[PDB]
Participant: 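One structure follows; several queries about it will come next.
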Amino acid sequence: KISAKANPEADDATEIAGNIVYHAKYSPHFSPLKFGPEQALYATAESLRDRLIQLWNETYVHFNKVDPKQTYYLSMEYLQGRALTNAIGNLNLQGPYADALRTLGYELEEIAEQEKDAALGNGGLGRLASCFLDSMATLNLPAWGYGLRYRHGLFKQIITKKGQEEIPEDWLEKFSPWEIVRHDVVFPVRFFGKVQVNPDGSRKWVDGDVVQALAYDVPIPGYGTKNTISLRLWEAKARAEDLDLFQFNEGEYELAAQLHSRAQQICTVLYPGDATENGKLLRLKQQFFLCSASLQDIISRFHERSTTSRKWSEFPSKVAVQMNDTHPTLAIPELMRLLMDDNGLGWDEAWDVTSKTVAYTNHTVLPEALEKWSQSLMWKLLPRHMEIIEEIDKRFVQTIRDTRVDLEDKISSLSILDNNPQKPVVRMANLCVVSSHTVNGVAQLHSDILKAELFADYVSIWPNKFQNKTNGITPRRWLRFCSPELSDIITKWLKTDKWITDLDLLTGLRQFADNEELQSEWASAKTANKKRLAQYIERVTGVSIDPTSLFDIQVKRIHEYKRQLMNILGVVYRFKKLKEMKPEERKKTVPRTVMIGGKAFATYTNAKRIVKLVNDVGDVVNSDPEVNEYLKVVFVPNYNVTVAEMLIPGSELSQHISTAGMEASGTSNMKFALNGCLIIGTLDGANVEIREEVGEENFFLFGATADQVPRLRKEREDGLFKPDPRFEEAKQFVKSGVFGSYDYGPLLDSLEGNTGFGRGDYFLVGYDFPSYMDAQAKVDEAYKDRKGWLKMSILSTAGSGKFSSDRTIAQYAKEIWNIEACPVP
Amino acid sequence: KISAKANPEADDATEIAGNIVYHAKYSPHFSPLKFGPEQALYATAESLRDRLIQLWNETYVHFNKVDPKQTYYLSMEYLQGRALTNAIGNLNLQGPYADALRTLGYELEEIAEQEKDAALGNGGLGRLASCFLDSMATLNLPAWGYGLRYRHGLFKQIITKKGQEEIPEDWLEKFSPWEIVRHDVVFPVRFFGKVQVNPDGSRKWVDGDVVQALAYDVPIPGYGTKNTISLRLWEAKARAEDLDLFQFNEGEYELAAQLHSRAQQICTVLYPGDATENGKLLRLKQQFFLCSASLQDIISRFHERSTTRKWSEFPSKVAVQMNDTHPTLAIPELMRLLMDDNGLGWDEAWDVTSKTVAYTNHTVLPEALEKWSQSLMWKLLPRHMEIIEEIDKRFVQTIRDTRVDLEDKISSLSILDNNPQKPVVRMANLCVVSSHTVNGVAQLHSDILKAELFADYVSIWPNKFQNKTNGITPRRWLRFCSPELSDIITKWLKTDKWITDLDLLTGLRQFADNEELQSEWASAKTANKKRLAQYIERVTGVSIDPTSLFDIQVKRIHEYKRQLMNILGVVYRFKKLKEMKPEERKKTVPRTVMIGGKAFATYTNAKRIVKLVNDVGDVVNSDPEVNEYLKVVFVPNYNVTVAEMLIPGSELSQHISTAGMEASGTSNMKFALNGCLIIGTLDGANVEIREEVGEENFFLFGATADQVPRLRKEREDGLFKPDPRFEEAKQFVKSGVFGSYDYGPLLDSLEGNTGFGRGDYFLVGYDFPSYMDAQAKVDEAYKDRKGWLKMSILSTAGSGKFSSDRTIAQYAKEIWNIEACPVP
Ligand SMILES: *Cc1c(COP(=O)(O)O)cnc(C)c1O
Ligand SMILES: *Cc1c(COP(=O)(O)O)cnc(C)c1O
């Protein structure tokens, strides 16, 4: 009944419904007869894209005219998630789009579930970049992100009898309705080759392989603003002419298409396995490709904004480049190359530009994690860059000899090049610190450790280089849009919706935390979210969960330091206790549904064993009629932004239980706190700040602290460790065969012995187990006291304002980038 | 200045311009600032696509409701060309689109030149399929074409100083604005594997590789009708899940992506080189992929039209036409789908298959008919080999039961050739045995099929063999490529109804001596020649004189096509001009010779011939003594667009293949339709063209087909007496006048009396004197302007028979038994 009527500016239900039908008919991607939920998704996304194109174009023109200083964020990951709800929400068209879809015979949630997550990232590094983009838009800042257009993500996780299996993501196998290809925005990127030296001393990288970098824009709308910025993604392509017809017609198909193959490899997956030389080279190719394409584009834009060609001295006053971790380190020597070789600048001029343009964000505690590459591999793949890095290092060392002779003895550790006789490498973090005008960590304690310990000598050389910028999360995706009913309650009680862009207003809830009407609304909202989560879990796992039970969630990368193993051993203990109780005693317990999710790196044997263990435990627990009214255990598969958007709103307790000292941050922790989920956790990462903000009384702390961990490991080494019998009992119960034929002995050996690699319980699972189980008992007692629990939940949201990514990005803008709002009129 | 305003039904200049600006903004594929001619092309194409989607949808719905018998044309090639002018033309929106683009600051010609030809074919076989689609639409017939969505065509031809170089086509490297992907229309296609025998006795093809066939529609609009049919093209794809992450993460990238690689190979190029086993297998994969995907889709559509269906209805509702033997596997594939997937018994399945499928043959030489190793067929398509063996077993039994007189010919009539050295499957035999109808493509060709090639099959099935003379669409090939000439025709016939009733062109005959018509005719040709001269200068750098006789030869470069004869005649003409006193040169007819065509990359002498033409041109065109009287240009990258530029400006075209070697000749028909006279042998479509236009309006020369064997024997026996002009031309090439390239090796092909690659098998020497004498007749005729213009008018006037509308009407009535289904 609704006829096709194009209206790219559609802003009421009738206009929008017409525009959707228009796209279904005139932007077809399927046979015309059926308009199923899939077709409806694409046509709805296309209708929204019309609004986004108008705004993206206006923002591009405005920034071009104003010629502001502009930030470019380089990241190897973006966890964009699904775009639909966010687009609708930022445009403030929820009502009109819901009504439009209803007139076409669909509920918006049916359609939203058809959208595949954009598989452009893996973990928190990527989700940080994605929150930052939302905040850049909303704060009206002239800032873009650049990334790679990965076709297959990291992997889609499936759970079989074997445990985790890894399959390629398929988000682009039909098409993405959000992106906009820019066929005119193509830049050449070279690999391998050699350096031509001209008679005048100029140098030019030549030969090797050349791939084409093709731009795709993903519009990022801001909340309550026209400003719509870009995540510009690069696809690596060979040219049609790079196919060798002679070889193809000789039947040598692989040889014929070898450049196409090498191009496709770049954007196949995130973090391609690098145990082999081929894989190391591919990782470096991906990093270089991102850096080179992006910087070429940035330079082109700098010039196109000229009104006269413009002075290079203006460049660092008009461009900021932020490196998210060390992955984009090659931006340093690449910008040098582009300035000196392609644009003729002398070294000193080029260095002044580069050093004032680039800043570095570090995310880590362990020096062992910081990227290093073989000098031989770098010479092979990127010879001109190795020449430039050698000169950076030569000049840096000379600075020490000229100005800081007291540090002469530390040249070997401070240099970018490690000339170890066996394994010479380039220390990428050293290159970043030496070259960047600013270095920042991602939480106060993390940033303090970077200054005091990891990079102390560099701090001595450059006393103002190092900063802190505490991470944050966007309260659009992570509260307003994922939990709209709770959001409406917040708005009602605060008497304003301005908290959506001024998150510290949430503190206005504190005065009402004992208000029984608010507690009742809060409980009702959580209940509706729990019911939705239970529906989701049943659909994706087949397990029916009881929404009156305590929902206890641990979702993050599977790793020994994250201690999913501790959680599951506690579950095994709780199960064994329940089995041993008489029914009268079981009725005294707090019923609980334990949900654990996350991905294991495919070659990480114990992480895969842990996924297998969680599933095997669940299979037994969930099917035992004697305890399954009190305990169920589910492994939630394929954790990604969409899964997070389902879990977080329905969560009551979340676990952030990593060995103390091993986490720099913890943005998921923030998301949970913001949504009224209480935390059981170690004094570690973002838990420190969350506990400070929400109050110690509204958090369940346990475990060794960071400063104790070395003593405790030494006590274990010295034979002084006294394991709690409940821990031994849990381990032995896993080893008893109760969970089936799989032998968990090898996994649990990691907890045995007193010393040795892969042994001796390095992550203190045994040591922390008793205080962990005691904190879980406190959780149970707290959960029985409903009024008390709801007060804690309200106070958790109420104290969450500091964690806004708007606060984070405003700080980067003022203190690092020196950019300011540029609102599109 | 002009505001974006969507209107998918735009039919006036203002509405159209708004819609173009709307697509430029809201269907972007580039940065938004610049609206250059490329961006304008895509936005204009998208505007037209809106009109085409409406009509394609209406046609699909109407055919679904009516449930007519529907034809499906299977072809390994389609030469679609550029779509823009044809779309505008068939929608009758020329004025409104021209005006709309002008308001946006462009002439339609600037935009039309930005469009890349759809590189979906190579030669006449493919252009025939494409003309047929246009006629199917225009005649309101329920008929589709299926094909492969080739990414890189055959090759784009580049001319360097070294001669031809071959590079992949790039028409899809950005995107094609015409096509419509159908992500729901995906069928699995298997390769390799084995035949499972089920407990009940049924059989199932299992294991091996499975690729996904994804459909894209290319709407084909009809002239003066809403009817808009499809060219449905298949892309071979692997699934994301077919990438092996373990291998990829181990750095074994080729292994990890091997299924993706094998899928991509299917649609990389036309006619992938097959000197190796790999290449033979890839050719068979392509053919099977086309057949299997298309048949699965056809069967799906047959069922979807059910209102409540019986398999007995299938041959009453489906016709499948095989364009050459490339789609031969449609026969055993339909059998497999019917018997295995749908449970039919052999006899029922065979009745359906044999009544559904018909075969069009295009070949003179039996050596050209496709044969495949039995071993390769078993390896790639084991279930199909089981089926082919049973077809053959039953056929041979029919001979033994009903035609005992042919028992001694079973070895040559069987589909399987069990020659102990090289056992093969004879695909043409499988096609003739299985198809209810077989046709050739010209009367003489069809007569030869019946009398010689397939005489015994004709004896077995006296009504199976037919003729359907080829044709060309007078939309693309007259109305749209030559609008000014078309307006003259309309004026003089007092109607434009000839555009769909081409025999009305005979009404020009009465005016062929008319001084006013001759004047308008000459003016139109002159304007086309000036446009061609502009084009030639742009693409070759050579300035040509539009007052000279434009002499064109464009087709595949091959020894049997005799470009070598043409260029030797040019060399001779050049030498004579150089030797003449200026007073004698002023008595000659100035001529510009244009030669174009592609050489298969491994075909050494064909590449040498391209090199020769360019080398001769380099010398002739820069010689100030003679270049006012003769130039010779190699026109690069011959394709539909090049034909659209050359044909309208042509005055003489050469169709000079050794007699007996051409079945047809559709380009010949295009030239005749545009008033271009032919110098040619009595061969292929020249025979019919000469009949229709009159012998006095055609320049015939050369041996006839029946003489060729005698002439080759005379050469073998040492009795050949070469004309001194031929020897003089050859020696001049060998003299080094055309530079450092040694043409000795090429010309050795013309030397000796016997042996493969020697002895002038294609009779270049023998036919040279009559060819040169015919060229002298051309010159004398060209000096008599009134006489020439009369011939030109009579050529167009007699061209009606060559309409593809006539051809397709005949297939529809005599083979397919389908009829008009006009969309209201
Ligand atoms: C927020 C989020 C993260 C954050 O990572 P952690 O470091 O685990 O706190 C990771 N993945 C997803 C899908 C997220 O939404
Ligand atoms: C018409 C046409 C042909 C026809 O081929 P013949 O050479 O006459 O067999 C081939 N190529 C193109 C581009 C055509 O337009």
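Convention: sequence-line order gives letters A, B, ...; per-chain numbering from 1. These numbers come from the heavy atoms of this one structure, side chains and all, not from hydrogens, waters or symmetry mates.
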Participant: Check whether B/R283 reaches the backbone of B/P272 with its side chain - one donor and one acceptor, N or O, closer than 3.5 Å.
Facilitator: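 Yes.
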Participant: Does B/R151 pair with B/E169 as a salt bridge, N-O distance under 4.0 Å?
Facilitator: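 Salt bridge between B/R151 and B/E169, a charged N being under 4.0 Å from a carboxylate O: no.
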Participant: Assess whether side chain to side chain contact (heavy atoms under 4.5 Å, CB included) is satisfied between B/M136 and B/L133, documenting all intermediate values.
Facilitator: CA-CA 5 Å; B/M136 291 162 174; B/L133 293 170; 4.0 Å; yes
Participant: Looking at B/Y638, I'd like to know if the NZ or CZ of B/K598 sits under 6.0 Å from its six-membered ring centre while staying within 45 degrees of the ring's axis.
Facilitator: no
Participant: If you measure from NE2 on A/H183 to CG on A/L214, what distance do you get to the nearest 0.5 Å?
Facilitator: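 These two atoms lie 6.0 Å from each other.
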Participant: Answer yes or no: is there a side-chain heavy-atom contact under 4.5 Å between B/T268 and A/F248?
Facilitator: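 When only atoms from C-beta onward are counted, A/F248 and B/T268 do touch, with a gap below 4.5 Å.
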Participant: Indicate whether the side chain of B/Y106 and that of B/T44 have a donor and an acceptor atom separated by less than 3.5 Å.
Facilitator: no
Participant: Search all heavy atoms of B/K525 against all heavy atoms of B/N674 and return the closest pair with its distance.
Facilitator: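 Looking at all heavy atoms of both residues, the shortest contact is NZ-O, 3.0 Å.
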Participant: Quick test of your reading of the model: are B/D170 and B/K116 salt-bridged, counting only N-O distances below 4.0 Å?
Facilitator: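 Salt bridge flag = yes for B/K116 with B/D170.
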Participant: Verify, without hydrogens or angle tests, whether B/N637 (side chain) and B/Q157 (backbone) share a donor-acceptor contact under 3.5 angstrom.
Facilitator: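 The answer is yes, because a donor-acceptor pair under 3.5 Å joins these two groups.
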Participant: Would B/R232 pass as a cation-pi partner of B/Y146, given that its NZ or CZ must be under 6.0 Å from the six-membered ring centre and within 45 degrees of the axis?
Facilitator: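 Cation-pi check for B/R232 and B/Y146: fails.
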Participant: Between the side chains of B/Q654 and B/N566, does any donor sit under 3.5 Å from an acceptor?
Facilitator: yes
Participant: Any cation-pi pair here, B/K670 with B/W477, using under 6.0 Å and within 45°?
Facilitator: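 Geometry flag: set, cation within 6.0 Å and 45°.
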Participant: Quick one: does B/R82's side chain get under 4.5 Å of B/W178's, heavy atoms only?
Facilitator: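 Not touching, per the 4.5 Å side-chain cut-off.
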Participant: Any side-chain donor paired with an acceptor under 3.5 Å for B/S230 and B/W56?
Facilitator: yes
Participant: Any donor-acceptor pair under 3.5 Å linking the side-chain atoms of B/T360 with those of B/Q321?
Facilitator: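 Present: a donor and an acceptor within the cut-off.
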Participant: Within the distance-only criterion (no hydrogens, no angle test), does the side chain of B/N639 pair as donor or acceptor with the backbone N or O of B/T641 below 3.5 angstrom?
Facilitator: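 Such a contact is found between B/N639 side chain and B/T641 backbone.
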Participant: How long is the gap from CG on B/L154 to CG on B/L79, to the nearest 0.5 Å?
Facilitator: 10.0 Å
Participant: Got a donor-acceptor contact below 3.5 angstrom from the B/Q563 side chain to the B/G597 backbone?
Facilitator: no
Participant: Do you know which two heavy atoms are closest between B/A129 and B/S75, and how far apart they sit?
Facilitator: CB-OG, 4.0 Å
Participant: Stepwise, does the side-chain hydrogen bond (donor to acceptor under 3.5 Å, both in side chains) test hold for B/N361 with B/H445?
Facilitator: CA-CA 9 Å; B/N361 174 291; B/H445 172 235; 3.0 Å; yes
Participant: Hey, are B/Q287 and B/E370 close enough side-chain-wise for a donor-acceptor pair under 3.5 Å?
Facilitator: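 Short answer, yes.
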Participant: Under the salt bridge (charged side-chain N to carboxylate O under 4.0 Å, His left out) rule, what do B/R608 and B/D615 come out as? Steps first, then yes or no, please.
Facilitator: CA-CA 10 Å; B/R608 291 168 174 164; B/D615 282 355; over 6 Å; no
Participant: Distance from B/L646 atom CG to B/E644 atom CD, nearest 0.5 Å?
Facilitator: 10.5 Å
Participant: Is there a donor-acceptor pair closer than 3.5 Å between any side-chain N or O of B/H152 and the backbone N or O of A/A240?
Facilitator: no
Participant: Taking C-beta and beyond as the side chain, do B/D683 and B/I656 meet within less than 4.5 Å on heavy atoms?
Facilitator: no
Participant: Is there a side chain to side chain contact (heavy atoms under 4.5 Å, CB included) between B/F802 and B/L502 once you walk through the steps?
Facilitator: CA-CA 8 Å; B/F802 301 112; B/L502 203 58; 5.9 Å; no
Participant: Is a salt bridge present between B/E38 and B/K174, judged by a nitrogen-to-oxygen distance below 4.0 Å?
Facilitator: yes
Participant: For A/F246, I'd like to know if atom CZ has over 12 heavy atoms of other residues, nucleotides or ligands within 6.0 Å.
Facilitator: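 No - once you tally the heavy atoms of other residues, nucleotides and ligands closer than 6.0 Å, there are 12 at most.
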Participant: If you define the side chain from C-beta out and look only at heavy atoms, does anything of B/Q164 sit under 4.5 Å from B/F155?
Facilitator: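 Answer yes - side chains close enough.
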Participant: Regarding B/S804 and B/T473, is there a side-chain donor-to-acceptor distance under 3.5 Å anywhere?
Facilitator: no
Participant: Return the OG1 to CD1 distance between B/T592 and B/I552, rounded to the nearest 0.5 Å.
Facilitator: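 Result: 9.5 Å between the selected atoms.
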Participant: Go through the steps for B/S653 and B/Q553 under the test side-chain hydrogen bond (donor to acceptor under 3.5 Å, both in side chains), then give the verdict.
Facilitator: CA-CA 6 Å; B/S653 60; B/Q553 186 188 18; over 6 Å; no
Participant: State plainly whether the residues B/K607 and B/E166 are in salt-bridge range, i.e. N to O under 4.0 Å.
Facilitator: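 Looking at B/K607 and B/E166, the cut-off is met.
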Participant: Go through the structure and list residues passing side chain to side chain contact (heavy atoms under 4.5 Å, CB included) with B/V542, not counting sequence neighbours.
Facilitator: B/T540, B/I544, B/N621, B/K631, B/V633
Participant: Could you give the distance from CD1 (B/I567) to CG (B/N614), rounded to the nearest 0.5 Å?
Facilitator: 9.0 Å
Participant: Has B/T658 got a side-chain atom pairing as donor or acceptor with B/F762's backbone, closer than 3.5 angstrom?
Facilitator: yes
Participant: Report the C-alpha separation of A/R239 and B/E173 in whole Å, then their side-chain angles, then the decisive distance to 0.1 Å, and conclude whether the salt bridge (charged side-chain N to carboxylate O under 4.0 Å, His left out) test is met.
Facilitator: CA-CA 8 Å; A/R239 295 170 311 148; B/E173 299 311 298; over 6 Å; no
Participant: B/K561 versus B/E662: any side-chain heavy-atom pair under 4.5 Å?
Facilitator: yes
Participant: Regarding B/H362 and B/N323, is there a side-chain donor-to-acceptor distance under 3.5 Å anywhere?
Facilitator: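 A donor-acceptor contact under 3.5 Å links the two side chains.
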Participant: Return yes if some donor-acceptor pair links the side-chain N/O of B/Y78 with the main-chain N/O of B/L125 below 3.5 Å, else return no.
Facilitator: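 No: the side chain of B/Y78 does not pair with the backbone of B/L125.
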Participant: Could you check whether B/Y42 and B/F175 have their ring centres less than 6.0 Å apart?
Facilitator: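 When the ring centroids of B/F175 and B/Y42 are compared, they turn out to be within the sub-6.0 Å range.
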Participant: Report yes or no: do B/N686 and B/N668 form a side-chain donor-acceptor pair below 3.5 Å?
Facilitator: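 Yes, because at least one side-chain N or O of B/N686 sits under 3.5 Å from a partner of the opposite role on B/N668.
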Participant: Below 4.5 Å, heavy atoms only, C-beta onward: do B/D217 and B/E179 meet side chain to side chain?
Facilitator: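 B/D217 does not reach B/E179 side chain to side chain.
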Participant: Report yes if the side chains of B/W234 and B/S294 come closer than 4.5 Å at any heavy-atom pair, otherwise no.
Facilitator: yes
Participant: Sorted by first residue and then second, give each salt bridge (charged side-chain N to carboxylate O under 4.0 Å, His left out) pair with at least one member in residues 672-681 of chain B; sequence neighbours left out.
Facilitator: none
Participant: Please report the interatomic distance OG(B/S135) to CD1(B/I220), rounded to the nearest 0.5 Å.
Facilitator: 11.5 Å
Participant: Answer with yes or no whether the side chains of B/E559 and B/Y603 bring together a donor and an acceptor at under 3.5 Å.
Facilitator: yes
Participant: Just checking B/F671 against B/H655, ring centres under 6.0 Å apart?
Facilitator: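 That pair passes the under 6.0 Å test.
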Participant: Could you check whether any side-chain N or O of B/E165 sits under 3.5 Å from a backbone N or O of B/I159, counting only pairs where one atom can act as donor and the other as acceptor?
Facilitator: no
Participant: Start with the C-alpha distance between B/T138 and B/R475, add both sets of side-chain angles, then the distance that settles side chain to side chain contact (heavy atoms under 4.5 Å, CB included), and finish with yes or no.
Facilitator: CA-CA 10 Å; B/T138 297; B/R475 272 75 64 186; 3.5 Å; yes
Participant: Is the shortest side-chain N to carboxylate O distance from B/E651 to B/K529 below 4.0 Å?
Facilitator: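 Salt bridge present between B/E651 and B/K529.
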Participant: Given the rule in the side chain to side chain contact (heavy atoms under 4.5 Å, CB included) test, do B/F550 and B/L652 qualify, once you have shown the distances and angles that lead to the verdict?
Facilitator: CA-CA 6 Å; B/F550 278 12; B/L652 182 77; over 6 Å; no
Participant: Heavy atoms, side chains only, cut-off 4.5 Å: are B/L120 and B/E77 in contact?
Facilitator: no
